Structures are given as C-alpha cells and as structure tokens.
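S.K.: Next up is a structure, given as structure tokens.
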Protein chains: 6
Amino acid sequence: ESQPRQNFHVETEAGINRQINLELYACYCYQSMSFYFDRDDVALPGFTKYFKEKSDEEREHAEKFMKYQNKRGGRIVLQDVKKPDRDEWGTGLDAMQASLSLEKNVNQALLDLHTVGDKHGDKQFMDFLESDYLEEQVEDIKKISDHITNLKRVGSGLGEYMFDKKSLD
Amino acid sequence: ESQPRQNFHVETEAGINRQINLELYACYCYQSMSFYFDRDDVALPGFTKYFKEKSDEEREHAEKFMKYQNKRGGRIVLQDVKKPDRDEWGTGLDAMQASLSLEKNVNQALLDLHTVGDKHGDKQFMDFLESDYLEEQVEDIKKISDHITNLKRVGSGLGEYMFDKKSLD
Amino acid sequence: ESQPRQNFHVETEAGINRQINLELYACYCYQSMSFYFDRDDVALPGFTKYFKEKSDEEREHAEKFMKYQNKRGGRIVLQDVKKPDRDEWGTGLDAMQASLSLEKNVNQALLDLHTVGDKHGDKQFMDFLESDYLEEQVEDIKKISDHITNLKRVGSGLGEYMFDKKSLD
Amino acid sequence: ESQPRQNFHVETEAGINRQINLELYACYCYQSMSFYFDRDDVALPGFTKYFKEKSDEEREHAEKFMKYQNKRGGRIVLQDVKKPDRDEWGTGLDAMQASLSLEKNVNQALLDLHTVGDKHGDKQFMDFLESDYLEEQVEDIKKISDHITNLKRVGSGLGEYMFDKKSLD
Amino acid sequence: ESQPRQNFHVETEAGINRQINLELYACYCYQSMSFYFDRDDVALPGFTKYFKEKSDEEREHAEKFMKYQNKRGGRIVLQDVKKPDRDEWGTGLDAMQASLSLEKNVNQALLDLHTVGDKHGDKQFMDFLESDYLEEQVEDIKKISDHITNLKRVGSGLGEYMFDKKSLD
Amino acid sequence: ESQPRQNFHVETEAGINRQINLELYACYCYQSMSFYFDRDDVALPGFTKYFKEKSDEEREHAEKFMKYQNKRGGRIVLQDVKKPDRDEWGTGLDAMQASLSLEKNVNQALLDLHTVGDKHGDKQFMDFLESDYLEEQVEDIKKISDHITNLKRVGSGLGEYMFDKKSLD
Ligand SMILES: [Fe+3]
Ligand SMILES: [Fe+3]
Ligand SMILES: [Fe+3]
Ligand SMILES: [Fe+3]
Ligand SMILES: [Fe+3]
Ligand SMILES: [Fe+3]
Ligand SMILES: [Fe+3]
Ligand SMILES: [Fe+3]
Ligand SMILES: [Fe+3]
Ligand SMILES: [Fe+3]
Ligand SMILES: [Fe+3]
Ligand SMILES: [Fe+3]
C-alpha cells in the first residue's frame with residue numbers, strides 16, 4: 001500500500017480513472033468540433049476558438065484528476081479514448097446542443113462519482129469534487145443554455161454570423 | 001415637535017412616506033425584469049444589466065427621499081412593498097413598454113406630491129423635487145421612449161439581439 | 001423542463017424562492033435601522049453607515065440566490081416583502097441586539113434550506129450554501145456579538161458616542 | 001449559552017479543544033526536529049529550516065481552531081502539551097518518516113473530528129474542516145511521501161547533503 | 001470537390017489523418033510518462049515537467065496537421081487514440097529510452113508520409129513537412145540521445161536525482 | 001564531548017534547558033490570554049493583539065535559548081509545557097497584573113541562571129544573558145507597570161475600552 005493512502009477506497013480510485021477517460025473524451029469531442037468549424041465550408045472563427053478553448057479545459061479537468069489520483073496514493077490507469085460519435089457537427093446551434101448534452105452527461109458522471117466517495121465517507125474527495133468540478137459544471141451548463149436560446153433567437157444565415165462575432169468574444 | 005421642523009406640513013411628510021414606497025416598488029419591478037432577462041430561456045444580458053441599473057437607481061430615489069424626510073424633521077414610516085404585478089415580462093419591447101408605463105406613473109405621483117408642497121407653501125420641498133426628481137424623470141421617460149421606437153424598428157429575432165448588444169451599452 | 005435542470009428538486013427551488021424573500025426582508029430591516037440612526041434625535045453616523053452596508057449586503061444575498069435559481073434552471077417567484085416589525089430601534093445596543101436576533105434567524109433558515117438540498121442529494125447546492133452563505137453567517141454572528149459586548153462595556157451617553165466613532169470604522 | 005452559539009454541539013466543542021492540543025503537539029515535535037538538525041553533529045540547515053516552517057504551520061492550525069472555537073461560541077480549554085516522543089530524530093530520512101507518520105495521525109484525527117460534526121449536522125463546521133484542513137493534509141502528506149522517496153533514492157552521506165540543498169528550497 | 005482543393009491527392013489526405021492519430025498517441029504516451037513520474041513512489045518532478053511539455057508539443061503537432069488538412073480542403077477523420085503500451089515507465093533512463101524509440105517511430109512515419117506526397121507531386125506538402133516537422137524531429141532525437149548518454153553517465157540513485165535537477169531545467 | 005564545547009558547564013547546560021521550558025510556558029500563557037480576549041463576551045481586540053505578540057516573543061525567547069544551547073555544544077532536552085494556571089483572565093487590568101507577575105518570575109529565573117554561569121566563570125554566557133534577555137526584561141516590566149497604572153486610571157467600562165484603543169496600538 002502507497003505511502004499517502006488514507007481513507008481512500010479502491011472504488012473511489014477506480015471511479016477517478018474512468019472520469020479521467022470521460023474528460024479526455026469530451027476534450028476530444030470539442031477538438032473535433034473546433035476544427036470542424038475551421039472547415040472552409042463552415043468557417044466560423046468564433047466557434048472554432050470557443051470549442052478549442054473548451055477542449056483545452058477538458059484536457060485540464062482530466063489532468064487535474066490524474067494529479068489528484070497521485071495525491072491520494074491511487075494509481076492512474078489509462079484507457080483508450082474513443083473518437084467522438086460524429087465526424088461533423090452541423091450548424092452553430094447543432095454543436096451547441098451537442099455540447100449541452102455532453103456537459104450534462106459529464107455532470108451526471110461527476111454526481112455519481114460523488115455518491116461513490118460519499119458511501120465511503122471520503123470527506124476530502126467530496127469537497128474536491130464540489131469545489132473544482134460541480135460548481136464549474138453548473139456554470140457551464142447555464143452558459144451553454146443561454147447560447148442555445150440566442151442561437152435560436154438570431155436564426156440562420158446572418159444571425160448565426162453575428163452571434164459568431166458578438167457572443168463568442 | 002422635532003428640532004429641524006420648519007414650514008413642513010404633515011401632508012407633505014405623509015406624501016413623502018408613500019412616494020418612498022412607490023420608488024421601492026419601482027425598484028422591485030426592475031429587479032424582477034432584470035432577472036427575468038437572465039433566465040436561460042430569455043438570456044438577453046444587456047436587458048439584464050440595464051434593468052439592474054434602473055432597479056439600483058430607484059432604490060437611490062427611495063433612500064434620498066428617506067434622507068430628505070429626516071432632514072426636514074419628519075419621520076420615515078415604511079410599508080410592505082408589494083410584489084410586481086407580473087412574474088414574467090415578455091419580449092424586450094414588452095418590458096420597455098411596461099417600463100415606460102411605470103415611469104410615467106412615478107412621474108405623475110411626483111407631480112402630485114409637488115402639488116401638495118405647493119399648497120402648503122413648502123418652497124424648499126418644491127425645488128428639491130424639481131432638482132432631484134422632475135428633471136431626471138423627463139430625461140428617463142424620453143430615453144425609454146427612444147428605446148421603444150428602436151425596439152420596434154429592429155424587430156424580433158436578430159433585431160432584438162442586436163439592440164441588446166448595440167443600444168444597451 | 002428547462003435546459004439546465006439536473007439533480008434540482010422542486011422543493012429546493014421553492015426553498016430558494018422563500019430564502020430570496022427572507023433576504024429582502026433582512027435588507028429592508030437594515031435599511032430601516034440605517035435611516036433611524038440618521039434621525040436628528042438619534043444622529044449616530046457610524047450606526048447609520050454600518051446598517052446601510054448590511055442592508056446592501058442583504059440585497060446582494062437575495063440577488064445571488066436569484067442568479068443561482070436561474071443558473072440551476074429554477075424560476076424566480078417573488079413575494080411581498082413585509083415592512084420590518086419596528087418603526088424605531090432604540091439605542092445602538094438595542095439595534096445591534098435586534099440585528100443579532102435577525103441574523104441568527106437567517107442562519108437557521110439557511111441551515112433548514114441546507115437540510116432540504118441534502119435530503120434530495122443536491123451536492124452542488126449544499127456546497128453553494130456552505131461556500132457563499134454559511135461561513136459568512138458565522139463570521140457575521142460573531143462580529144455582532146463582539147459589538148453587543150462592547151456596547152454594554154462602554155455604557156450610555158459618551159460610551160455609545162465613542163463606540164460609534166471607534167468601532168464602526 | 002453564548003451569544004453566537006447556534007447548531008454547535010458540545011461534542012464538537014470538546015472535539016475542537018482536543019484537536020487544538022493535537023496541533024500544538026505536532027508544532028512542538030517539529031520545533032524539536034528543527035533544532036535537532038541544528039546540532040553541530042547533525043548540521044543540516046535545509047532540514048532545520050523545513051521543520052521550523054512545519055512547526056510554525058502547526059502553530060497556525062492550532063490558533064485557527066482557537067479562533068474558530070470562539071467564532072462558534074465554544075470555550076477554549078487548553079491542556080498540557082506533552083514533550084515529543086524522541087529527543088533526537090536520526091537521519092534526514094528518519095525525521096521525514098516520523099513526519100509522515102505524524103501527519104497521517106493528524107489527518108485521521110481531523111477525519112474523526114469531521115465525523116463528530118457530521119453526526120450533529122454541523123454543516124458549517126464540516127465545510128470549515130474540508131476547506132482549511134483536509135485539503136492541506138492531503139497536500140502535505142503527498143509532499144512528505146515525495147521527500148521519503150527521494151531521500152531513499154539519494155542514499156546517505158553525499159546524497160543526504162545534496163537533498164538538503166536541492167529539494168529543501 | 002471542396003473550394004481549396006488543388007494538387008491534393010486522397011492518399012495524402014488519408015496519410016495526414018493517420019499521422020494525426022499517431023501524434024495524438026504520442027501525446028497520450030508522454031502524458032502518461034509525465035504523471036508516472038508524479039507518483040509518490042517515483043517523484044522525479046523534472047521528468048514530470050519534461051514529459052508534460054513533450055505531451056503538449058505532440059498535441060500541437062496533431063492540431064497543426066488538422067489545421068493543414070482543412071487548409072488544403074481535405075476532411076479530418078479522427079480514430080480512437082489507443083492507451084499507451086505501458087502503465088508505468090521504470091527509471092528515468094527507461095522512460096528516456098522509450099521516448100527515443102517513440103520519436104524515431106514518428107520520424108519514420110513522417111518520412112513515409114513525405115514519400116507519399118513526393119510520388120503525387122505535392123510540392124507544398126513536402127515543404128510543409130520538411131519545415132514544420134522533419135527539422136524538429138532531427139533536433140529532438142539528438143537531444144533525447146544526449147539525455148540517455150547522460151542518464152547512463154550519472155548512474156542510478158543520487159545520479160538520477162542530479163540529472164533531474166541539472167539537465168531537466 | 002561535542003566539538004564546540006569549551007568553558008561550558010553541565011549545570012549551565014541544564015539551566016538553559018529549564019529556562020527554555022519556562023519561556024515556552026510563558027508563550028503558552030500569553031497565547032491563552034490572547035484568545036480569551038477574543039471571546040465574544042470579552043471582545044477586547046487590542047488585548048488580543050497585544051498578547052498574541054507577547055506570546056510570539058516568548059516563543060522567540062525559547063528558540064534563541066535553543067539556538068544557543070546548540071552553539072555552545074550542549075544538547076536540548078524538552079519537557080512537557082504545562083497548561084497555564086488559569087482558563088480565563090478577568091478584566092484587562094487583571095490580565096496585565098498576571099502579565100507583570102509572570103514577567104517578574106521569568107526575570108528572577110534569568111537572574112538565577114546568570115548566577116549559575118557566574119559561579120562557573122562562563123563569561124560569554126553571562127554577556128549573552130545580559131545582552132539578549134536581562135535588558136529586554138527590564139524594558140518590558142516597566143512597560144507593563146505603566147499599563148497597570150493607566151488601566152487603574154481609566155477605570156472600568158469606557159475607560160477600559162478606550163485603553164484598548166489608544167494604549168494598545
Ligand atoms: Fe469537464
Ligand atoms: Fe465543462
Ligand atoms: Fe424613481
Ligand atoms: Fe427612473
Ligand atoms: Fe443574508
Ligand atoms: Fe449577514
Ligand atoms: Fe495540522
Ligand atoms: Fe500538516
Ligand atoms: Fe510529433
Ligand atoms: Fe517530439
Ligand atoms: Fe516578554
Ligand atoms: Fe521571555
């Protein structure tokens with residue numbers, strides 16, 4: 001048993017490794033979304049940058065978990081990360097819909113991992129999840145919702161173009 | 001009778017107390033419009049900020065009346081401030097429409113309060129209303145009117161989105 | 001069902017709405033206290049400024065709940081905010097007493113709202129209440145207690161006048 | 001029952017009082033290790049500085065609990081703080097092993113203190129423990145483990161000398 | 001046929017796509033080596049940093065190919081990126097060994113991809129590879145070679161610990 | 001025999017070790033006094049700060065004896081540090097009374113220690129004691145004496161409060 005290990009259950013540890021793979025997967029989806037909007041026949045530079053940034057954020061969420069596995073004495077076991085479920089992503093609105101669903105899946109995965117650590121009274125891993133993940137998920141879910149409502153409000157064509165300029169930095 | 005009291009009628013004092021309540025009511029309405037436009041299914045951030053600012057303004061209007069009540073030696077008697085008459089406020093135009101109707105009702109009440117001061121020869125109170133409320137009401141009613149005209153000009157959909165970006169700071 | 005909703009129980013949504021009303025009620029009490037100490041026959045400017053700041057803090061607490069309600073996909077339903085139970089507030093000691101009682105009431109309400117989010121497994125909402133409200137309430141209740149003790153220590157007359165200058169900034 | 005006291009069980013209050021004594025004991029051990037490496041026949045100044053900082057940290061942890069105890073309206077009851085279990089701490093590696101052992105005991109005492117708060121529904125005390133102690137214990141325990149591994153990698157003599165230079169700042 | 005497509009053979013487009021996967025695989029390998037060396041029972045932080053930088057460099061290389069794919073009019077097709085062949089990487093020397101081998105494999109892949117562009121007369125794509133990838137691969141192979149030579153020269157134990165401080169920044 | 005030892009008697013080395021303990025006990029007494037004045041029913045924040053500082057000083061006094069023990073080739077032997085003889089400390093005058101009495105006991109212990117160095121012709125130790133301790137004690141005893149006088153002069157209630165503001169920084 002590892003030098004740091006203390007109040008750290010095998011299930012919690014196994015649960016962290018899968019969340020790592022899930023975050024790496026979301027990272028990979030947004031990377032695909034990013035370069036999809038870089039296609040010459042889509043060419044929406046705001047969406048390109050917006051999804052590049054979210055890809056980098058998911059990569060960072062993954063590595064924060066990997067680092068946390070080491071802090072508690074756990075051991076990182078990596079898995080294949082699957083190519084995303086689509087090769088392209090439609091309109092700006094379609095991609096934002098897909099992002100919301102993906103974020104709500106990730107949010108549920110977090111809440112399930114929270115229940116895991118709760119059953120094992122992993123008091124510190126609970127506070128880790130609440131502080132560094134659960135709040136930011138709630139924030140991102142509301143932001144993406146707001147983007148959906150506005151992508152619907154502006155319509156297609158010019159309206160999507162403007163949203164690309166004005167709502168995405 | 002209070003140390004400062006001079007040329008200050010009980011009708012004026014009572015009328016100040018109910019104008020305080022009306023400004024607090026107008027404050028609460030704009031607070032309600034503000035967060036209505038923050039709902040994920042509305043999500044116009046300029047209208048949110050704009051009505052948060054108007055809500056803060058009305059609170060200052062009320063507190064300045066309280067401050068003035070004490071200056072003249074009257075006594076602040078507060079009342080319930082009723083919830084606004086709506087839970088949601090429609091489109092940007094709808095809310096600006098309702099804003100104009102509220103501001104003109106506040107302006108008419110200020111004019112009636114001036115009339116109370118005039119009939120009691122309260123020279124200073126009349127100038128106070130003219131200087132710190134009547135001029136600002138005229139400015140604001142005209143701005144809100146300018147907004148109504150432009151909300152109509154741009155139309156629903158992309159137009160309302162553009163107005164939110166370009167006319168509300 | 002709204003786009004952001006996830007792990008968000010109808011009972012929690014309803015508890016947030018009545019916490020909103022409780023914060024606005026606290027705000028309104030402190031506004032009343034502030035301008036009571038501005039009366040020409042009270043005229044304690046430190047107590048005036050101190051209670052203005054608490055009033056603005058309570059308004060901030062209410063609006064943070066409103067913002068959070070929208071974040072989780074809940075819907076704000078406002079209610080009348082009732083006039084505070086007193087029109088005058090006695091001595092500095094008396095008002096500070098009444099403040100401590102008010103703050104402990106708000107703290108018990110927050111704890112009961114916490115209990116609600118717990119029974120529904122709202123791990124994010126529990127952390128939000130702990131992060132943005134429970135720690136501050138403990139801080140504030142201790143501060144007001146120190147003030148009561150010191151307002152007893154200094155006594156009446158010059159004592160209260162010196163506390164006004166030295167302990168409220 | 002003290003002015004701030006609310007939701008604060010006497011088991012928690014007594015739990016804090018004995019945790020206070022536990023942190024002061026770790027402070028006193030680290031103090032002893034610091035000056036032990038200051039002996040002319042030991043003379044590792046990096047280790048001397050390290051453990052003085054550790055001793056100072058533990059002093060802050062203890063005083064942070066005394067402050068919190070007063071915050072909730074508990075009453076601090078101090079006890080004898082026993083001398084540490086050794087007068088000399090061997091090699092750099094020995095002292096670092098002894099540190100890991102001491103930290104995990106303190107971590108366990110904190111998790112037990114958390115369970116006391118949990119059983120009495122002290123939501124604010126639970127958060128205080130997770131935010132200001134548990135995360136730092138997990139950090140420090142991983143950090144000491146890294147030093148253990150490296151003190152072993154470098155071996156005795158020159159290795160221990162370079163570690164004193166290159167890893168203790 | 002996409003708007004930019006000119007002198008761009010489907011075999012080139014497809015070689016780019018699988019080169020992308022290899023660069024993402026190389027990225028994922030270095031990520032694993034990085035967090036391996038972050039393990040409490042390894043704890044070589046200079047190696048941790050070193051591979052985290054190489055991981056990010058590979059990610060850049062992958063995205064630079066996705067960007068170039070869109071520039072020529074091809075279409076990114078992403079595949080699963082496989083978990084690395086090891087869960088742990090041994091000593092610093094072992095991991096550096098592994099890194100040289102992985103880098104030479106990728107260099108060979110790039111040379112083969114060049115050959116594909118050469119047979120189809122893709123002048124711009126050959127230069128693109130020489131300028132942003134081939135020169136960098138020669139540089140990196142020589143530097144990893146140097147590190148191996150020095151990892152052997154220093155030996156194990158204290159020697160590896162000094163290489164971690166003095167050769168890895 | 002230790003490398004630096006010269007002109008250094010074991011009665012002197014033993015006398016240093018029990019002065020170390022006596023300094024840590026005074027450190028602990030002052031720590032107690034500090035947080036007693038941090039109680040919500042005492043709430044004298046100038047006294048809190050004054051005694052925290054006096055406690056940090058005594059800690060330094062103990063560590064300077066620890067440092068000197070090692071300088072001369074002696075060996076530090078620590079003992080339990082007794083909890084202070086009181087759990088609370090009364091009014092401000094009361095605590096400053098206790099402080100002067102504790103400080104005069106520390107001074108007499110130092111004078112007795114100086115007699116030990118004198119009988120064994122420890123010329124350096126006698127100078128060390130005169131330079132870094134005997135002069136500070138005479139300063140501090142005078143300052144506390146002045147504080148007593150003024151605490152009596154101001155009396156109870158407002159006087160105490162104003163002493164806490166104007167005489168303790
Ligand atoms: Fe994520
Ligand atoms: Fe996210
Ligand atoms: Fe107004
Ligand atoms: Fe207005
Ligand atoms: Fe509040
Ligand atoms: Fe408060
Ligand atoms: Fe600690
Ligand atoms: Fe610690
Ligand atoms: Fe590469
Ligand atoms: Fe490379
Ligand atoms: Fe002293
Ligand atoms: Fe001393």
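Letters for chains follow the order of the structure tokens (A, B, ...), residue numbers begin at 1 for each chain, and ligand numbers begin at 1 in the order shown.
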Give as a ChimeraX atom specification every residue of chain A that touches chain E within 12 Å, counting only C-alpha atoms.
M.R.: /A:1-5,21,24-25,27-29,31-43,48,52,55-56,59-60,62-88
S.K.: Pick out the residues no farther than 12 Å from ligand 3, counting only C-alpha atoms and all ligand atoms, and list them as a ChimeraX atom specification.
M.R.: /B:19-30,53-65,99-100,102-110,129,132-141
S.K.: Please return, as a PyMOL selection string, all residues of range 41-103 of chain F that DSSP assigns to helix (DSSP H, G or I) on the basis of the backbone.
M.R.: chain F and resi 45-71+92-103
S.K.: Could you check the closest approach to ligand 4 for each of B:101, B:17, B:149, B:6 and tell me which residue wins, using only C-alpha atoms and all ligand atoms?
M.R.: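 With only C-alpha atoms and all ligand atoms as the atom set, the closest residue is B:101.
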